[PDB]
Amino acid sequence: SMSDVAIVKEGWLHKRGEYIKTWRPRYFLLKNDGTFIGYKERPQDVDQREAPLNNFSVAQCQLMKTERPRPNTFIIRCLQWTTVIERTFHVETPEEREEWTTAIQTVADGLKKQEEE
């Protein structure tokens, strides 16, 4: 129960709009249960933590590193209920991008092992 809701990684990033393709600052949190949740403002209490702006599930996701429109961009391709979606993120260094993509992959891998077991 409690290990599943551990926060694996959290931090600020920029998230690109889907239609108005600007880079928007968002605070994201990844948990062991595959939830990847974003906030406009970094939450400062539990009520704020419980009301994210963005909410994705990283189970079986694909993780793509790209250099356009900016270096150090990454794309997650994931399933949102029954629709495949892509979301685009940016951080300031390739090392930080690797930290995020590896963290997400590690969580996805743990979920697949749970399924197998």
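Here the rigid core means the biggest group of C-alpha atoms that line up within 1.5 Å when the two forms are laid on top of each other. Residues carry their position along the shown sequence, with the first being 1.
Divergent stretch in 4 other deposited structures of this protein, 55-63 or 71-79 [C-alpha RMS, superposed by the core]
After superposing on the rigid core, the more displaced stretch in 4 other deposited structures of this protein is 71-79.
Stretch with larger C-alpha RMS deviation in 4 other deposited structures of this protein, core superposed, 98-106 versus 19-27
It is 19-27 that deviates more in 4 other deposited structures of this protein.
State which stretch shows the higher mean Cα B factor in the entry: 2-10 or 107-115.
The stretch with the larger average C-alpha B-factor is 107-115.
Can you tell me whether 44-52 has a higher mean C-alpha B factor than 67-75 in this record, or the other way round?
Between 44-52 and 67-75, it is 44-52.
CA B-factor ranking of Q60, expressed as a third of its chain:
It falls in the top third of the chain.
How does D33 rank on Cα B-factor within its chain, lowest, middle or highest third?
According to the entry, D33 has a C-alpha B-factor in the chain's highest third.
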